[PDB]
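The values are calculated or read from the model by the stated rules, or taken from the named source; nothing here is a laboratory result. We place every Cβ from the backbone using ideal geometry, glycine too, and count neighbours over all the protein chains shown.
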Amino acid sequence: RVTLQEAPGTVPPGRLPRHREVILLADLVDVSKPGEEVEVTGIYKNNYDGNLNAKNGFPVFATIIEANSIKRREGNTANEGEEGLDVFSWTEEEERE
Amino acid sequence: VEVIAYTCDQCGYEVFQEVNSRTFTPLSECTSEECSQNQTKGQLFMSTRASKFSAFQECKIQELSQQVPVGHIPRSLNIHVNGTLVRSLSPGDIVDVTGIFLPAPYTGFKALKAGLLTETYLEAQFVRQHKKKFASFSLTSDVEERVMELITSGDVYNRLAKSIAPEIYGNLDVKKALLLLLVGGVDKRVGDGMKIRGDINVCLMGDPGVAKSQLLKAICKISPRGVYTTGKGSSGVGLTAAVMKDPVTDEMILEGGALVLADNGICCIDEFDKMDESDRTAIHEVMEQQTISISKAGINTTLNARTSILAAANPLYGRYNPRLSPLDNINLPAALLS
Amino acid sequence: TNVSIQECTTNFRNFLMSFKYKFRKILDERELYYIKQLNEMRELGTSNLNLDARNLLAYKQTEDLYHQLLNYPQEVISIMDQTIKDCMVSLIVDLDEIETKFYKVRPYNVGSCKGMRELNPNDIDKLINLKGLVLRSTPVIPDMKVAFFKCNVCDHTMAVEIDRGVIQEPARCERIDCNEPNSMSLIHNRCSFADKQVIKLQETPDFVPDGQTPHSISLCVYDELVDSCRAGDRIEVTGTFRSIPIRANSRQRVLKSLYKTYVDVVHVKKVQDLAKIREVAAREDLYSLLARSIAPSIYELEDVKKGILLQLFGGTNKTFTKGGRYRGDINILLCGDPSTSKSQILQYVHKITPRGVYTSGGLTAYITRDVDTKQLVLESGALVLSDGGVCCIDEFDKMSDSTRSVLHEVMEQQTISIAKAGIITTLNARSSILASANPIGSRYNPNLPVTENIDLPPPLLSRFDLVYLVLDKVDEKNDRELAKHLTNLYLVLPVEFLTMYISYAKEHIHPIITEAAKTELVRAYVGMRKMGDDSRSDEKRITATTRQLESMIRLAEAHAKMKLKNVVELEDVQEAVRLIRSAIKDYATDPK
Amino acid sequence: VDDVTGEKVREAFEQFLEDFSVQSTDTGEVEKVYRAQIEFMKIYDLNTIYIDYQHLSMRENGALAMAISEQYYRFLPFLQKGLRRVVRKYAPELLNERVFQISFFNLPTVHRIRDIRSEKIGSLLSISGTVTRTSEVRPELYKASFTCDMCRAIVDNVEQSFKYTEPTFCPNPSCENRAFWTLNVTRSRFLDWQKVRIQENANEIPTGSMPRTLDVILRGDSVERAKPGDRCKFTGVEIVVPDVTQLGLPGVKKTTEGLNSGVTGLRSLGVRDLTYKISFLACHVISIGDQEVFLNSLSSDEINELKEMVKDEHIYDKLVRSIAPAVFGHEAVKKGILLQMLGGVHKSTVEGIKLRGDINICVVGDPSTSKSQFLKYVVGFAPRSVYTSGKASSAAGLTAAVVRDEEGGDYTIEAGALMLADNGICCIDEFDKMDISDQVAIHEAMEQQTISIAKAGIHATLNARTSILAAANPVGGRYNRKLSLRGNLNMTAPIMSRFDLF
DNA sequence: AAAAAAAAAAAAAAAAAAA
DNA sequence: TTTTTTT
Ligand SMILES: Nc1ncnc2c1ncn2[C@@H]1O[C@H](COP(=O)(O)OP(=O)(O)OP(=O)(O)O)[C@@H](O)[C@H]1O
Ligand SMILES: Nc1ncnc2c1ncn2[C@@H]1O[C@H](COP(=O)(O)OP(=O)(O)O)[C@@H](O)[C@H]1O
Ligand SMILES: Nc1ncnc2c1ncn2[C@@H]1O[C@H](COP(=O)(O)OP(=O)(O)O)[C@@H](O)[C@H]1O
Ligand SMILES: [Mg+2]
Ligand SMILES: [Zn+2]
Ligand SMILES: [Zn+2]
Ligand SMILES: [Zn+2]
């Protein structure tokens, strides 16, 4: 599990980011590294908590993101050339060409 | 608390109980016959007026330096005082306390450890204040004949100057200035309420090894209100009251902008060119009986700063100079010098 | 005790209808207060009865009730309030306003004012008089009075009274049709509550003679006494003592052997003249006397006093939308050797002005972390609080560097913005500035120009409205007069009337300039333009700037601000131009 | 038991909703404004009605207006029931069952924070202040559906409170609610939730007393409608909140002086004391401080005025004369500022390389001639404008900076003045005075139209799409006619080529 | 069921200062 | 203008 902030280039100026928690199941382990900008496709789910209801006085719920796909987006902001999780990967016919 | 009295909504006799331990539990249902019945005749409550109380206070004592063996740290001892003897001693005095050396259970900590270890305390019985009494020059026959003898002595100021610090040789005029500093100048205001102070600000200047610090120590000894300060060593000397974060409950007890006993005190300072900008700002603010009104958290209870300033500083070269003195100076503002 | 219920009430009522303060007058050895004041209350609709103890002591039967009141405050006060409640009908014989209002009394002056250093347990549940300084406060705390309940199964609701805080909950709903025991559920938001506020009080410094530390006693107030005091106040209170058991471990039934001490108070004390103005305002020499009346102890220095007075009066502020608002404040700088008592002038003006903060070289807003509580609050600095008044600054040379830019921000726009910790906002200042600075060295050399000795940047000193220079030079005569004046003082002045006059001029009066004054203004501008040039090709500096025109417009408006006029005259503009040019005449350096 | 008062107020409420029948203008004979609101909901699937208090004021006088206003909490569900009745009478499919909300506005007065007292609990009220902090938008339970385990016996529409409540009985006669209940997440209905903090404005506070702080709870569509530093006016009902910790929970459990006005003696409390504190609940928030898309905004003036000024033939002739009428002279400067406001086309190649599409202007002059006036006017006119000095006391400088609390990780960045100016027109004053590091940052930033600073183990790329307008001053006071810009100004050579006009 | 925190040591970034 | 040192 890992902490996900907002991209500093995406937040409105002079504001504060919003954190979330992302849980990475099998085969997605260690794909993400600290300090990098990433894009994650996942499922939004909610769960009960005790201290959260304690500190607010209202029936509030916590939410975590179960990761399902991860795509790195560090530096290479040109994101219109092609689709896919990895744009630096090739098919067999691309190797043939 | 000594005895706790309840009331049970007209249950005839009202239950009394006593507690000597530092903790207890209250009562809930009384033993009267109408409440010995299956249900209570009115619920009982604690009654403050009928209960008994005693004045209580807590103090701790520290060993003297003379009695500490070499290479050791002094220890402390707690004292509990009750009854009329409360408020019979003040911090900062030598006393001879007689009391009862009693144990104290550790269960108050509620750690469940120290199965056989317990704390100890003393309960006061009779206190000898010892030390010395200032008495505020309260008149008596003996002091009256003493001042008669002084009047018969004739000329006084020269003898007083000679009698301050015979250890340091010479320097008569410095001692004369010390005499004139100890009495104070013109005071008690003028017409239209204009401010004037009787305090005198004299600065001592000279080479190292002239025993100006020793003369300052002698003056501090001979004066009752003297406070001695020097270059660094601690941060609580100025700008903060001594009760900052002091209580065990951490009540943030403070006064704001104040100094050490600045009201009618004698601020003796050594190494006047050593302190930082904060103490320098404070001593510019204590100028000419001006109060100290520095605020940090909405506090504005200013201290009425009315003190005489006597400070000793050394040249930044460590010696006098053939070239001009005001440029050599003491590395001090000309406004402060004036 | 059960003694005062029967006869003390009747005796107090009899002396209510029978009291005359002539008895107190005789006791003084140099009139029916209650009935006249009670009918005053009847015709007012108020609900309050102040009650002194000395005049209560003046009567021989009442002192018995006096002593019984010290022993038993609560019951005596309650029965006195009920007595007043019945006195309503006893005196009116509309009865409708009576049934709606409660009644309370405010005893005071019961006894000598004690201090926190001498409070023996003999003084528990006894009325005392206390004086001190209010330090801090707390948000108002709701108090449970009427418990609301609802039989959820049958939706039945019942209202329950309480006593001593503890609630006797209903073990079963009254509706025997359901008669269920466990269907009792309360509603938080349909109850009734009382407002409680806790104050922290400090002993006066008079009670600590030997440099010890003061102490703190907790306070409690109810209803009309809520928010009656705030931080820094000096008040005196009268209320009973109290002690309470401390819970210790909140999870356990035990209680500590010691009790917390706190007091509950019931009374707190602190510590058409417009016709007269015009009679004074009609005089011809109002200007000179008014100017000299604010610095009685200052010898000579008339022109700077006049300038400071006009700065205090202020100009006009307008907000026409076609070009944005125009600044209406005057800013003046003081310079010279520290032998002029120039801080005394700032001290005078600080207390003379309605609003103002006196500081020295942090002055603006900065977010702080709360000390007693753990929270974040936005805090505004000295400049923000001086809106509409005069902000006084000393030791202006020792201004550091970061803060100086802030001044350059505020003097040119009268608005300060902050972008920190996610907070972006703008705050209004709209304040006047008065500052003093010292030259570098033991003296200010007249040959030396002003700039280097005052070590301020040229733009900042150029953008002040005016400037004044004080130069003390040794002469036999002037020293003789100064020495004589100082000795005589050491060996015609109005009162807060000044403050109300200043306020009335500030907000009632909105003078405007007229067409005639425009010709004089433009002639003066052209004249100093010519005075700033010569026939030779030296390429003289342009000494007549637009700042001069703005300054003279503001000063002419200020001259009409005083004397309560509505339109300016020529005299205003001649005075303004002479004032603006006098400082320039002494602004030259060693050349020319 | 039937609260006939609630029934009566609900009947009157739905009645004046039905037939308010107010006319706005002469052409608007009968409008039925609330029917129009419901029509808007039908055509847009909206949820919340907005009710003006003044329209509610004269309806049945104080028999209805004051009755609703004072015991708002008491009669809120009755208003909800009447609203549901009328909407399902007129728009059944609109309910496709959903949480309708009502927001009252236009209250006759506003209260300061210092005037808050307990006697107004449960009453509609309006307060104003500055928001200093918000909280993340978290969901909260509204209507739950519990299963009684061994026999499911679905217990739906269970209401909640400040504590997570559970059903108390099992409707199945064979079952006897012995089995512990289990929540069904997919059947529960949640609602938004956000807590904000407010404090008194600087004008209300007397002396140097510390500001009074209060907490405000939002719900529904009013989330993220307030931002820190914005002075806003709220409308809602005053409430009181207990300490849930003393109350029973499945989880485990200035201030030291106590003396709280507590209460005890309850079954669930046991040997515990319950305290209370003041909180506000809000329902309405206001703040007091393509060419075809534009053409879609149709009006008679919108058509005619633009058509005339397009079909005109001296537009430019008048246009420059219409810029900053306050200033006198300086004809070309106005044209320059107009061109700066107009902006240039932004184009990006098919290689991901960005071409600058903005104009940057520098103005130089001798002291005290109108140059600050242009900057002030353009700041006052141009949207998203920022005014700042060349020398700034903030640690952010002009570009950006990193700030940490001591021993605080990640060195969270702070937006600089230029970063705030991003996505909009910027203004710079006193440009000659500059920070050397900031200067070497900006001159590479202007061409890149972005700035990126990597420090203290964190790195990021920021956007600075800004149009720069700056003013300088000749060295020596006045512009020496003999020399040139390079001789007169000390400002470095590469930056001069960054600017496009002088 | 809970000791939890003031006092130190060490690693930076920003600003201001001296050459 | 540059590097140093302090906060
Ligand atoms: N006039 C004197 N008579 C006697 N002893 C003297 C005299 N002058 C100096 N001394 C001796 O010098 C010492 C005190 O000088 P000391 O250097 O402590 O004082 P100082 O001038 O305040 O300087 P410093 O700051 O170095 O302490 C003592 O040992 C004292 O005996
Ligand atoms: N004209 C004067 N009248 C009365 N007192 C004066 C006069 N000039 C100087 N003084 C005395 O000399 C001091 C001058 O201090 P001041 O010039 O205010 O120093 P600074 O402004 O640097 O604090 C004052 O405290 C005052 O007592
Ligand atoms: N319409 C105008 N024509 C010419 N000058 C003006 C006009 N309006 C204001 N001014 C002057 O121009 C100045 C603009 O400020 P600025 O030129 O930046 O002064 P400085 O250079 O001293 O900062 C103002 O001080 C004002 O006096
Ligand atoms: Mg020495
Ligand atoms: Zn009983
Ligand atoms: Zn029932
Ligand atoms: Zn079941």
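Pairs, please: C-beta under 6 Å, at least 6 apart or cross-chain, first residue of a type in the set (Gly, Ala, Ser) and in the range C:191-212, second part of a loop (DSSP other than H, G, I, E, B)?
C:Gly211/B:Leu261
Is there a residue being surrounded by fewer than 20 Cβ atoms within 10 Å (Cβ to Cβ) and within 24 Å of C:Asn478 (Cβ to Cβ) anywhere in the range C:310-325?
no
Pairs only if they're at least six apart or on different chains, beta carbon under 9 angstrom, first in the range C:386-401 and closer than 26 Å to C:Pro354 by Cβ and away from chain D (no Cβ under 14 Å), second within 16 Å of DNA strand E (Cβ to nearest atom) and of a type in the set (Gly, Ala, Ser); list them, first residue then second.
C:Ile393/C:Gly361; C:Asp394/C:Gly361; C:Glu395/C:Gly361; C:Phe396/C:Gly361
Determine which single condition C:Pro214 fails, assuming it passes every other condition in (1) facing chain B (nearest Cβ under 8 Å); (2) closer than 21 Å to C:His267 by Cβ.
(2)
Of all the residues that make up the range B:307-334, how many are exposed (fewer than 13 other Cβ atoms within 10 Å of the Cβ), within 14 Å of chain C (Cβ to nearest Cβ) and not hydroxyl-bearing (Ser, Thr, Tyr)?
Final tally of qualifying residues: 3.
Conditions (1) in contact with a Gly (Cβ under 6 Å, 6 or more places away or on another chain); (2) assigned to a strand (DSSP E or B), marked per residue:
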| residue | (1), (2) |
| --- | --- |
| C:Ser185 | no, yes |
| C:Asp195 | no, yes |
| C:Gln202 | yes, yes |
| C:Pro214 | no, no |
| C:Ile217 | no, yes |
| C:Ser228 | no, no |
| C:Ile235 | no, yes |
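Of the residues that sit in the range D:332-375 and are aliphatic (A, V, I, L, M) and either touching a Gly at 6+ places or on another chain (Cβ under 9 Å) or within 14 Å of another protein chain (Cβ to nearest Cβ) (or both), which one is nearest to D:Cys427 (Cα to Cα)?
Going through the qualifying residues, I end up with D:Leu375.
Could you say which residue among D:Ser123, D:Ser222, D:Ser174, D:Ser188 is in contact with a helix residue (DSSP H, G or I) (Cβ under 6 Å, 6 or more places away or on another chain), more than 30 Å from C:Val384 (Cα to Cα) and either more than 12 Å from chain C (Cβ to nearest Cβ) or among the polar types (S, T, N, Q) (or both)?
Unique residue meeting the criteria: D:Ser123.
So D:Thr109 ticks every box in (1) part of a loop (DSSP other than H, G, I, E, B); (2) polar (S, T, N, Q); (3) closer than 30 Å to D:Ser188 by Cβ but one. Which box is left unticked?
Every listed condition holds for D:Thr109 apart from (3).
Conditions first: (1) within 14 Å of chain A (Cβ to nearest Cβ); (2) assigned to a loop (DSSP other than H, G, I, E, B); (3) under 30 Å from C:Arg230 (Cβ atoms). D:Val196 passes all but one, so which condition is the exception?
Checking D:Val196 against (1) within 14 Å of chain A (Cβ to nearest Cβ); (2) assigned to a loop (DSSP other than H, G, I, E, B); (3) under 30 Å from C:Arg230 (Cβ atoms), the one that fails is (2).
Go through the range C:432-448 and give me each residue that's touching a helix residue (DSSP H, G or I) at 6+ places or on another chain (Cβ under 8 Å) and either surrounded by fewer than 18 Cβ atoms within 10 Å (Cβ to Cβ) or within 13 Å of chain D (Cβ to nearest Cβ) (or both).
Once the filter is applied, which keeps residues that are touching a helix residue (DSSP H, G or I) at 6+ places or on another chain (Cβ under 8 Å) and either surrounded by fewer than 18 Cβ atoms within 10 Å (Cβ to Cβ) or within 13 Å of chain D (Cβ to nearest Cβ) (or both), the range C:432-448 yields C:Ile440, C:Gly441, C:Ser442, C:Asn445.
Every residue in the range D:432-470 that is buried (at least 21 other Cβ atoms within 10 Å of the Cβ) and within 16 Å of ligand 3 (Cβ to nearest atom), please.
D:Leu469, D:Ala470 - these are the residues of the range D:432-470 that are buried (at least 21 other Cβ atoms within 10 Å of the Cβ) and within 16 Å of ligand 3 (Cβ to nearest atom).
Each row is one residue, and each column tells you yes or no for (1) farther than 29 Å from D:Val285 by Cβ; (2) crowded, with 19+ Cβ neighbours inside 10 Å; (3) not assigned by CATH to the domain that holds D:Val285.
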site	(1), (2), (3)
D:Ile121	no, yes, no
D:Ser126	no, yes, no
D:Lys143	no, no, yes
D:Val155	yes, yes, yes
D:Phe162	no, no, yes
D:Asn177	yes, no, yes
D:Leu183	yes, no, yes
D:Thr186	yes, no, yes
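For the range B:249-270, state whether one or more residues are more than 30 Å from D:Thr255 (Cα to Cα) and over 19 Å from the mean Cα position of the chain (by Cα).
There is at least one residue in the range B:249-270 that is more than 30 Å from D:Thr255 (Cα to Cα) and over 19 Å from the mean Cα position of the chain (by Cα).
Given C:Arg242, C:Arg253, which one is within 30 Å of D:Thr264 (Cβ to Cβ), part of a loop (DSSP other than H, G, I, E, B) and facing chain B (nearest Cβ under 10 Å)?
When all the criteria are applied, what remains is C:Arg253.
Name, by its number, the condition in (1) more than 12 Å from chain A (Cβ to nearest Cβ); (2) touching an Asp or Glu at 6+ places or on another chain (Cβ under 7 Å) that does not hold for D:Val137.
If we test D:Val137 against (1) more than 12 Å from chain A (Cβ to nearest Cβ); (2) touching an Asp or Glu at 6+ places or on another chain (Cβ under 7 Å), just (1) comes out false.
Do the conditions hold for B:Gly231, that is, is it part of a loop (DSSP other than H, G, I, E, B) and more than 14 Å from chain C (Cβ to nearest Cβ)?
yes
All but one of (1) surrounded by fewer than 20 Cβ atoms within 10 Å (Cβ to Cβ); (2) within 30 Å of C:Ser462 (Cα to Cα) hold for D:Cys427; state the number of the condition that does not hold.
(1)
Report those strands (runs of 3 or more DSSP E) wholly inside the range B:1-88 carrying at least 2 residues which are closer than 23 Å to B:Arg128 by Cβ and away from every other protein chain (no Cβ under 11 Å).
B:56-62, B:76-82
For C:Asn453, only one of the following conditions fails: (1) more than 8 Å from every other protein chain (Cβ to nearest Cβ); (2) touching a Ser or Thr at 6+ places or on another chain (Cβ under 6 Å); (3) in a helix (DSSP H, G or I). What is its number?
(2)
Select from the range C:111-151 the residues that are in contact with a helix residue (DSSP H, G or I) (Cβ under 6 Å, 6 or more places away or on another chain) and part of a strand (DSSP E or B) and write down the one among them that is nearest to ligand 6 (Cβ to nearest atom).
The qualifying residue nearest to ligand 6 (Cβ to nearest atom) is C:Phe148.
Quick check: anything in the range C:186-196 closer than 22 Å to D:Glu257 by Cβ, within 14 Å of chain B (Cβ to nearest Cβ) and acidic (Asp, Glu)?
For the range C:186-196, residues closer than 22 Å to D:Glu257 by Cβ, within 14 Å of chain B (Cβ to nearest Cβ) and acidic (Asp, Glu): absent.
How about the range B:289-332: which of its residues are part of a helix (DSSP H, G or I) and closer than 30 Å to B:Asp187 by Cβ?
Result: B:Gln289, single match.
When you scan the range C:25-61, how many residues do you find that are within 36 Å of the chain's Cα centre (by Cα) and over 17 Å from C:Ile92 (Cβ atoms)?
Qualifying residue count, the range C:25-61: 9.
How about the range D:376-389: which of its residues are of a type in the set (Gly, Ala, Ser) and away from chain A (no Cβ under 14 Å)?
D:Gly380, D:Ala382, D:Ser389
Going by what's in this entry, would D:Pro173 be described as more than 30 Å from D:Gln101 (Cβ to Cβ), within 16 Å of ligand 7 (Cβ to nearest atom), part of a loop (DSSP other than H, G, I, E, B) and not β-branched (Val, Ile, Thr)?
yes
Exactly one condition in (1) at the interface with another protein chain (Cβ under 8 Å from one of its Cβ atoms); (2) on the phi > 0 side of the Ramachandran plot; (3) surrounded by fewer than 16 Cβ atoms within 10 Å (Cβ to Cβ); (4) in contact with a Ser or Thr (Cβ under 9 Å, 6 or more places away or on another chain) is not met by A:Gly57; state its number.
Condition not satisfied by A:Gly57: (3).
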